[PDB]
Amino acid sequence: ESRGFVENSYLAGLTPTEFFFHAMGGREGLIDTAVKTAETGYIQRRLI
Amino acid sequence: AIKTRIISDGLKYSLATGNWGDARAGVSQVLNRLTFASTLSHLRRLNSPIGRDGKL
Amino acid sequence: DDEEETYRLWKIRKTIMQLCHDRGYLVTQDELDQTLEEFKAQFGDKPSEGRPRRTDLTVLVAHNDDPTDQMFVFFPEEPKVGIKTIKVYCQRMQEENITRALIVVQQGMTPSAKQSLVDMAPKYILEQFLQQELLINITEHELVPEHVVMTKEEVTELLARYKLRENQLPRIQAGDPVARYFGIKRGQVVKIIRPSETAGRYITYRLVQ
DNA sequence: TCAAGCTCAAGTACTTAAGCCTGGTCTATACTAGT
DNA sequence: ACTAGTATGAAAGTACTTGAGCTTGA
């Protein structure tokens, strides 16, 4: 529980430390999605 | 001797435009008045000075 | 070490025999793949100031047809070869009537001698190879497909069938290690047979530039 | 033994960083003749 | 004075050039 394992489910809901660690993982996913776009488009442009 | 435009027009320019100088930009934004939630969320907003489009 | 040196000299000997056979020369069948122990018996198991020293195993081979031309292979004693060392080999070649030769350098050539090798190219052709190039026959590697040098008649047949010019073929470097292996000059089309997972076999062609 | 030439390595400088679209706000200042 | 016109931290990589060192020749 200290290091980010969430033992609750979305039906029960998360405790605030698990909420914040879950928000960290989600922020990592959104950072991936927002940074991926320009580099992939530039690779497509160079290839074409 | 004391001309008033250099001390008032400069404040008015840096608040009206947001170009923070005569440097960086986007410091004074126009307030977002679509929702009272948007108005509150625009008054409680922090900007990291790190520039955009960074791969890190 | 001394066993490591006779192993290294035997592998260079093996790769030069396979290089001469793939280039189209008279290579004797037992010489083309001899045992390390056979090399140690024939030459003497002590490269450290002994019987299988350099210049003992300078391999002279002729061509499989037109047996006049030969590229009697050179092995310098010194690591770093120079001009006053290769002019002795030039003396040994001008004593003969044959124009191709291969030297197997240990360390890198002095670049003045690199320019010097080009400075007799219409007269008599000299290729050079480092020790690390000849500890592995790179044509045996699985990434390297079957390169075959084409005759000039087959090049005319190729360009006349596909109605294209030598400017239009996909090309290959002259300092390409497989091109250096076959010793092809500029303007000499190389057919390349490789297995394709969508047609079975694919023959491409590489003119040399 | 010295000088010259050639090659290699290191340092510095130059070019690019998604696609389309919708809104808004704002646009010089200092001076010096020239009355 | 004064007024309007006039005048000016948290890029990365590749390629080219310069300098230094080593080898050869005289």
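As recorded in the entry header, the structure was determined using cryo-EM to a resolution of 3.9 Å.

Novice: Got a minute to help me understand the overall build of chain B in this structure?
Specialist: A tally of helices and strands in chain B yields two helices and zero strands. Projecting the C-alpha coordinates of chain B onto the three principal axes gives extents of approximately 50 × 35 × 15 Å. Approximately 5500 Å² of chain B is accessible, and the part contributed by carbon and sulfur atoms is 59%.

Novice: How should unusual backbone geometry be read in this particular structure?
Specialist: For residues other than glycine, phi is negative in most cases, and the peptide bonds are mostly trans. All names here are of chain C. For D45, which is not a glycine, the phi torsion comes out positive at approximately 65°. In this fold, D45 is placed in the loop between helix 3 (36-43) and helix 4 (83-95). Residue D45 is classed as partly exposed on the basis of its relative accessible area of 35%.

Novice: Would you explain the protein's contact with DNA strand E in this entry?
Specialist: Lining the immediate surroundings of DNA strand E are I50 and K55 of chain B together with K84, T110 and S112 of chain C. Backbone atoms, meaning sugar and phosphate, form 59% of the atoms of DNA strand E found within 4 Å of the protein. Tallied by class, residues from the surface near DNA strand E come to one nonpolar, two polar and two charged.

Novice: Honestly, empty space enclosed by the protein in this entry has me stumped. Any pointers?
Specialist: To locate leftover empty space, one rolls a probe as large as a water molecule over the atoms. Residues and elements named next belong to chain C. Estimated volume of the largest cavity: approximately 40 Å³. Lining of the largest cavity is provided by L9, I12, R13, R54, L57 and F75. Split into classes, the residues belonging to the lining of the largest cavity amount to four nonpolar, no polar and two charged.

Novice: What is the right way to look at the layout of surface pockets in this model?
Specialist: All names here are of chain C. Considered as a void within the structure, the largest pocket measures approximately 1200 Å³ in volume. At the level of elements, helix 1 (3-23), helix 5 (111-118), strand 2 (126-130), strand 3 (146-149) and helix 7 (177-182) are the ones that each hand at least two residues to the lining of the largest pocket. With four residues, the single largest contributor to the lining of the largest pocket is strand 3. Residue composition of the lining of the largest pocket, by class: 14 nonpolar, eight polar and 13 charged.

Novice: Explain the domain arrangement of chain C here, please?
Specialist: Frequently, the measure chosen for interface size is the accessible area that the parts lose on association. Residues and elements named next belong to chain C. On domain assignment, one finds that chain C holds domain 1 (1-136) and domain 2 (137-209). Using only C-alpha atoms to locate each centre, domain 1 and domain 2 end up separated by 26 Å. Counting residues at the interface gives 12 residues for domain 1 and eight residues for domain 2. When the two sides are added together, the surface that domain 1 and domain 2 hide from each other amounts to roughly 870 Å², 43% of it contributed by carbon and sulfur. Applying the counting rule to domain 1 against domain 2 returns zero salt bridges. Summed over the shared surface of domain 1 and domain 2, the result is nine residue pairs in polar contact. Mapped onto the side of domain 1 that touches domain 2, the elements with two or more residues apiece are helix 1 and strand 2.

About the criteria used
- Residues numbered from 1 in each chain as written, not as in the entry; some residues may be left out.
- Chains lettered and ligands numbered in written order.
- Part of a larger assembly, values for the part shown.
- Heavy atoms only, no water.
- Helix = DSSP H or I, 4+ residues; strand = E, 2+ residues; numbered from the N terminus.
- Areas by Shrake-Rupley, 256 points an atom, 1.4 Å probe, with all protein chains shown as cover.
- Buried < 20%, exposed > 50% of the residue type's maximum accessible area, 1.4 Å probe, protein only.
- Near = heavy atom within 4 Å.
- Nonpolar A, V, L, I, M, F, W, Y, C, P; charged D, E, K, R; others polar.
- 1 Å grid on protein atoms, 1.4 Å probe; cavity = no way out; pocket = protein on both sides within 12 Å on 5 of 7 lines; lining within 4 Å.
- Points joined across faces, edges and corners; volume = space filled by probe spheres on them.
- Domains from an automatic or database assignment.
- Contact = heavy atoms within 4.5 Å.
- Buried area = accessible area lost by both parts, 1.4 Å probe.
- Salt bridge = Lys/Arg side-chain N within 4 Å of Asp/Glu carboxyl O.
- Polar contact = N/O pair within 3.5 Å; in protein donor to acceptor, adjacent residues only side chain to side chain.

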